[PDB]
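Peer 1: Each protein sequence line maps, in turn, to chains U and V.
Under the deposited numbering, the very last position in the first sequence is 299; numbers go up by exactly one each time.
Under the deposited numbering, the very last position in the second sequence is 56; numbers go up by exactly one each time.
Cβ atoms here follow ideal geometry from the backbone N, Cα and C, with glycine treated the same way.
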Amino acid sequence: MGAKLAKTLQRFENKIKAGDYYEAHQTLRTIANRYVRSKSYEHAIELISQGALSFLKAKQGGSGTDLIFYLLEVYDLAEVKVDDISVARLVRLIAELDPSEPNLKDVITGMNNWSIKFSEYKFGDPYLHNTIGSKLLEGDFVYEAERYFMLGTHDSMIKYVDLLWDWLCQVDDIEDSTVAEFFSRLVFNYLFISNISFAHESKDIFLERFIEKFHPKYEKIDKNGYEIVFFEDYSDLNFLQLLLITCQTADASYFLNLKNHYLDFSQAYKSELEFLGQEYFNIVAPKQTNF
Amino acid sequence: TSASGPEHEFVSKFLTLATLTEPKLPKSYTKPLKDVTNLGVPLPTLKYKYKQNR
Numbered sequence: 009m010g011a012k013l014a015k016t017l018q019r020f021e022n023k024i025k026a027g028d029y030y031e032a033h034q035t036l037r038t039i040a041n042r043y044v045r046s047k048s049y050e051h052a053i054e055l056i057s058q059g060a061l062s063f064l065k066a067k068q069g070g071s072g073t074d075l076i077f078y079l080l081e082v083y084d085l086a087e088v089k090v091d092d093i094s095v096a097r098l099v100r101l102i103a104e105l106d107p108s109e110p111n112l113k114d115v116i117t118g119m120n121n122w123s124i125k126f127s128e129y130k131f132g133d134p135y136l137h138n139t140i141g142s143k144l145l146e147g148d149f150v151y152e153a154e155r156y157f158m159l160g161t162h163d164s165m166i167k168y169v170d171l172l173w174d175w176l177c178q179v180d181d182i183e184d185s186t187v188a189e190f191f192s193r194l195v196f197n198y199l200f201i202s203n204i205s206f207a208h209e210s211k212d213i214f215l216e217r218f219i220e221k222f223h224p225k226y227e228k229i230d231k232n233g234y235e236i237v238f239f240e241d242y243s244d245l246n247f248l249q250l251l252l253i254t255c256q257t258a259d260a261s262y263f264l265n266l267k268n269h270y271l272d273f274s275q276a277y278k279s280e281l282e283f284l285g286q287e288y289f290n291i292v293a294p295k296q297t298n299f
Numbered sequence: 003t004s005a006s007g008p009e010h011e012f013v014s015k016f017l018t019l020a021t022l023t024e025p026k027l028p029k030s031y032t033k034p035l036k037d038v039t040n041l042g043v044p045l046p047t048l049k050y051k052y053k054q055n056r
């Protein structure tokens, strides 16, 4: 079995380098279906995965995409649990995917859905998301990448700061409220999943780039271990930085005082603040519109 | 200068006060992604188009 699989895999990738795509695809699936029929999942998994890899490496999205789905079907049929090995196979396949593949999003969704059903993560495995995010970004699917990175690993956080930084830079006419539209995303998103570490690191990396490129007037304020890069021309950034630390204290008073001083900002981020006040200050009362 | 003093003294004092005591949640705090229930409130759509230049 082990010596037979290896062999045929060459006569398959031989039909692929020869041009015989139909032959290669048809033969492999029927044979794979046989393993599945006998519940020899493991065997089918390696065969299918390997076949999908070669197809994608040969720029054959059609077959490649199809096999990925087939693999996933087995994954759910074999109740393959989410772990390094299980994720690895998908990561290795996602790397060979063409950013323009008409199925991209579907492929991604399928893989992630699997991770959700066979893991304790309500939105999928973190590591897996790190790979998925990069793929989506290659097809200009920014918004989709942002979400996955948000729910990714430490590397995702870096690629999320780069996604937001390269976007801010793309803006021809920058303004005081423009830098906040990007920066705020980091503070809010990470604060929702309560990842203070990522919220602080993403903030530091983004605020330092902003200082080395735009050269805005500022001065670092330090107090009891905490620091707040006070920008002289960006009130939005000052407010946002205070909001972060405030949530960390989980003290109602501080949250109310910060909002009362920045009435305008309190209405721009109405909904966002309402949530933060419920997750960090146990507030049930809705957010009263200032304007 | 003092063209931004009003806000500077607020931000500086608010920070001091906000740190008088080690905040309930440290800066290294991270809610286990396994326990992440929802995703908060959706963020605003940026009117700038995203692309990859070389």
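1) Beta carbons nearer than 8 Å to chain V: which residues of the segment 117-143 of chain U have them?
2) Buried or exposed: which applies to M119 (chain U), given that a residue is buried once 16 or more other Cβ atoms fall within 10 Å of its Cβ?
3) If you follow the beta strand (DSSP E) that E235 (chain U) is part of, which residue opens it and which one closes it?
4) Using the three-state DSSP reduction, which class does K228 (chain U) fall into: helix, strand or coil?
5) Taking Cβ to Cβ, would you say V38 (chain V) is nearer than 8 Å to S279 (chain U)?
6) Exposed or buried, which one is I93 (chain U) when buried takes at least 16 other CB atoms within 10 Å?
7) Scan the segment 98-172 of chain U and note each continuous alpha helix (DSSP H) run of 4 residues or more that stays entirely inside, going in chain order.
8) Would you report the Cα separation of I76 (chain U) and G69 (chain U), rounded to the nearest angstrom?
9) Is it the case that the segment 104-116 of chain U contacts the segment 126-134 of chain U, given that we only count it when at least three CB pairs across the two stretches are under 8 Å?
10) Could you check if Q256 (chain U) is buried or exposed, using at least 16 other CB atoms within 10 Å of its CB as the buried criterion?
11) Hey, does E240 (chain U) have any beta-carbon neighbour from chain V nearer than 8 Å?
12) Cα-Cα, which of V:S4, V:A20, V:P8 is closest to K231 (chain U)?
13) Using a Cβ-Cβ cutoff of less than 7 Å, which residues in the same chain neighbour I253 (chain U) once the five nearest sequence positions on both sides are dropped?
14) I'd like the span of the alpha helix (DSSP H) that includes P8 (chain V), first residue to last.
15) Residues of chain U with a CB under 8 Å from the CB of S14 (chain V): which are they?
16) In terms of alpha-carbon separation, which member of U:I102, U:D74, U:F218 lies closest to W175 (chain U)?
17) Return no unless some Cβ of chain U is closer than 8 Å to the Cβ of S30 (chain V).
18) Can you check which of these residues, U:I102, U:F299, U:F283, is closest to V292 (chain U) by C-alpha distance?
19) Using the rule of at least 16 other Cβ atoms within 10 Å of the residue's Cβ for burial, across every protein chain shown, is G285 (chain U) buried or exposed?
20) Tell me, please, whether the CB atom of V187 (chain U) is closer than 8 Å to any CB atom in chain V?
21) Within a Cβ cutoff of 7 Å, which residues of the same chain sit near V187 (chain U), ignoring the five residues on either side of it in sequence?
22) How is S210 (chain U) classed by DSSP in three states: helix, strand or coil?
23) Express the C-alpha separation of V150 (chain U) and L172 (chain U) in angstroms, rounding to a whole number.
24) Would you report the Cα separation of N138 (chain U) and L85 (chain U), rounded to the nearest angstrom?
25) Runs of 4 residues minimum, wholly inside the segment 16-84 of chain U: which ones carry the alpha helix (DSSP H) assignment?
26) With 7 Å as the C-beta to C-beta threshold (strictly closer), list the residues of the segment 240-254 of chain U near chain V in chain order.
27) Out of U:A11, U:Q178, U:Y288, U:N203, state which residue places its alpha-carbon closest to the alpha-carbon of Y52 (chain V).
28) Whose C-beta lies closer than 6 Å to the C-beta of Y43 (chain U) among residues of the same chain, with five residues either side of it excluded?
29) To the nearest angstrom, how far is the alpha carbon of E31 (chain U) from that of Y156 (chain U)?
30) With distances taken between CB atoms, is the gap from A258 (chain U) to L35 (chain V) smaller than 8 Å?
31) Closest to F190 (chain U) by CA distance: which of U:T161, U:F206, U:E154 is it?
32) Out of curiosity, what's the CA-to-CA distance linking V95 (chain U) and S71 (chain U)?
Peer 2: Taking the coordinates as given:
1) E128, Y129, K130, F131, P134
2) When all chains shown are included, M119 (chain U) counts as buried.
3) 234-239
4) strand
5) no
6) With fewer than 16 neighbouring CB atoms inside 10 Å of its own CB, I93 (chain U) falls in the exposed class.
7) 112-125, 134-146, 150-158
8) 10 Å
9) no
10) Under a 10 Å Cβ-count criterion, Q256 (chain U) is classified as buried, with 16 or more other Cβ atoms of the shown protein chains found around its own Cβ.
11) yes
12) V:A20
13) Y234
14) 7-20
15) Result: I229, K231, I236, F238.
16) The alpha carbon of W175 (chain U) has as its nearest neighbour, out of U:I102, U:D74, U:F218, the alpha carbon of U:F218.
17) yes
18) Considering only alpha carbons, the answer is U:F283.
19) buried
20) No, because no Cβ of chain V sits closer than 8 Å to the Cβ of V187 (chain U).
21) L176, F218, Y242, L245
22) In this structure, DSSP gives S210 (chain U) a helical state, which the three-state scheme calls helix.
23) 9 Å
24) 25 Å
25) 29-45, 49-65
26) For the segment 240-254 of chain U, the set of positions with a beta-carbon nearer than 7 Å to some beta-carbon of chain V reads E240, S243, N246, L250, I253, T254 in chain order.
27) Looking at the Cα atoms, U:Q178 is the closest of the given residues.
28) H51, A52
29) 37 Å
30) no
31) Nearest to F190 (chain U) by C-alpha distance, out of U:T161, U:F206, U:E154, is U:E154.
32) 21 Å
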